[PDB]
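>>> before the rest arrives, take these chains from my complex:
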Amino acid sequence: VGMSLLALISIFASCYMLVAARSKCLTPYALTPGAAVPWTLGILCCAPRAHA
């Protein structure tokens, strides 16, 4: 149970960082403009999961 609980917490933490990184890098591009470098800089920088 301890090993499984540790495994989940790290996965949850890792998922937590990924979403946070998406928010930090997506908010600047999407404040006034809809412009997100169609996956040229959408993949390397952060999550390209923005709709656009």
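Right, received. Where do you want to start? Numbering: from 1, shown residues only, chains lettered A, B, ... in the order given.
>>> residues near the nearest residue to residue A:35 once chain neighbours are set aside, how many?
Once flanking residues are discounted, residue A:35 sits nearest to residue A:29: 6.5 Å by Cβ to Cβ, 6 or more residues apart in numbering. In this view, the C-beta of every residue, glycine as well, is placed from N, C-alpha and C. Using other Cβ atoms under 10 Å, residue A:29 is surrounded by 18 other residues.
>>> swap in residue A:41?
13.
>>> in three-state terms, label it for me.
Under DSSP: H, G, I helix; E, B strand; the rest coil, residue A:41 falls in the coil class.
>>> any idea how far the residue nearest to the spatial centre of chain A lies from residue A:4?
Nearest to the geometric centre of chain A sits residue A:22, at 2.9 Å (Cα atoms, centre = their mean). Going from residue A:22 to residue A:4 by Cβ to Cβ, to the nearest Å gives 27 Å.
>>> what's the distance between residue A:43 and residue A:25?
For residue A:43, the distance to residue A:25 equals 11 Å [Cβ to Cβ].
>>> here is chain B, add it in:
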Amino acid sequence: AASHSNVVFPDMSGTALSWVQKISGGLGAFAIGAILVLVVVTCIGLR
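Chain B goes in next, on the same frame as the chains above:
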């Protein structure tokens, strides 16, 4: 009388199974490449 349990199905890594493995892998890679190309195409269209 036969002195072997009548098991005829071959085992992977055999010449017969290797060839289908070879052909199956090539088609799978071709399908995978097409999937990747389509994903990139739809990708660059969205963002």
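>>> go back to the neighbour count of residue A:29, now with chain B?
19 (other Cβ atoms under 10 Å in any protein chain shown).
>>> am I right that it is in contact with residue A:42?
No - contact between residue A:29 and residue A:42 fails when scored by Cβ atoms under 8 Å: they sit 9.0 Å apart.
>>> mutual contacts of those two, please.
A:36, A:50 (Cβ atoms under 8 Å, 6 or more residues apart in numbering or on different chains).
>>> picking up where we left off before, correct me if wrong: the residue nearest to the centre of chain A contacts residue A:48.
No - using Cβ under 8 Å, residue A:22 is not in contact with residue A:48; the gap is 9.2 Å.
>>> show me which residues of chain A sit near chain B.
For chain A, the contact set with chain B under Cβ under 8 Å from any Cβ of the partner chain comprises A:36, A:37, A:38, A:39, A:40, A:42, A:43, A:48, A:50, A:51, A:52.
>>> give the buried subset of these as a PyMOL selection command.
For the buried members of the residues of chain A next to chain B, the matching PyMOL selection, counting by 16 or more other Cβ atoms under 10 Å in any protein chain shown, is:
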select buried, chain A and resi 36+39+42+48+50+52
